[PDB]
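Below: the structure, in structure tokens.
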Amino acid sequence: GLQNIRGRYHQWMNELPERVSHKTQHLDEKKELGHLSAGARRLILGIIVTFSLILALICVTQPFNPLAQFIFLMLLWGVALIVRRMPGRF
Amino acid sequence: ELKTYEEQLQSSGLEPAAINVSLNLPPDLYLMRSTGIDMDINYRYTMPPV
């Protein structure tokens with residue numbers, strides 16, 4: 001099992017390109033439907049822009065005590081380490 | 001203002017007694033932030049020889 005972990009890690013590593021290739025097919029597949037109401041679409045992608053910028057502004061401005069700041073740091077660092085292992089431009 | 005008499009903040013003797021200043025605060029200074037209460041103390045005393 002422990003030895004299997006190594007081989008399966010490589011198995012998933014090999015799957016990364018395979019799954020990525022499937023994702024690109026799906027990228028086009030979702031685009032093969034990605035259309036609706038342009039004025040509204042601009043509102044909705046623009047709606048993403050405003051809510052996410054508000055959340056980012058709260059994350060930037062929030063005062064924390066040393067313990068809450070340490071917990072927040074460790075969680076953001078954990079997220080960065082997970083995301084760094086993911087392949088691709090995203 | 002937290003004295004109630006002038007000689008509260010001074011003690012003279014061979015062994016100086018503890019200087020105690022009492023205060024009661026409104027129950028509104030909530031925790032979980034720890035902003036800090038910098039109790040500045042500018043004190044003066046007799047300097048020991050050695």
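With runs of 4+ DSSP H residues as the only contributors, calculate the mean residue ellipticity of chain A at 222 nm using -39,500 (n - 2.57) per run, divided by the residue total and rounded to the nearest 500.
Values: 3 runs with 74 residues, N = 90.
So the calculated ellipticity at 222 nm is -29000 deg cm²/dmol.
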Point to revise | Viscosity 0.692 mPa s, 37 °C: Kirkwood-radius Stokes-Einstein D of chain B over Cα pairs, µm²/s | key: 225 µm²/s
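Test of the criteria: in chain A, which GluC sites (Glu not before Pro) are in a DSSP loop and have at most 15 other Cβ atoms within 10 angstrom of their Cβ? Before the final figure, lay out the partial values.
Numbers: sites: A:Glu15, A:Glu18, A:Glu29, A:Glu32; in loops: A:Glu32.
The qualifying sites are A:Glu32.
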Review point. With each label point set 7 Å from Cα along the Cα-Cβ vector, what nm distance links A:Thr61 and A:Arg89?
Key: 3.3 nm
Review point. For the charge dipole of the protein assembly as shown, defined by +1 on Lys and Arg C-beta atoms and -1 on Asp and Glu C-beta atoms about the Cα centroid, which residue among B:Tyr43, A:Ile58, A:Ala68 has the Cα displaced farthest towards the positive pole?
Key: A:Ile58
Check your understanding: Which of the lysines could be linked to B:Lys3 by a straight reach, that is with a Cα gap under 19 Å, when you skip same-chain ones fewer than 8 residues away?
Key -> none
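Based on Cβ point charges of +1 for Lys and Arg and -1 for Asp and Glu, what charge dipole magnitude is obtained for the protein assembly as shown about its Cα centre, in debye rounded to the nearest 20?
On the way: 14 positive and 12 negative charges, 274 e Å.
The calculation lands at about 1320 debye.
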Point to revise | Alpha-carbon centroid distance for the pair segment A:28-90 / segment B:1-46, whole angstrom | key: 49 Å
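Cβ atoms come from the backbone with ideal geometry, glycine included; neighbour counts cover every protein chain shown. Read-outs: derived from the displayed coordinates by stated rules, not from any lab.
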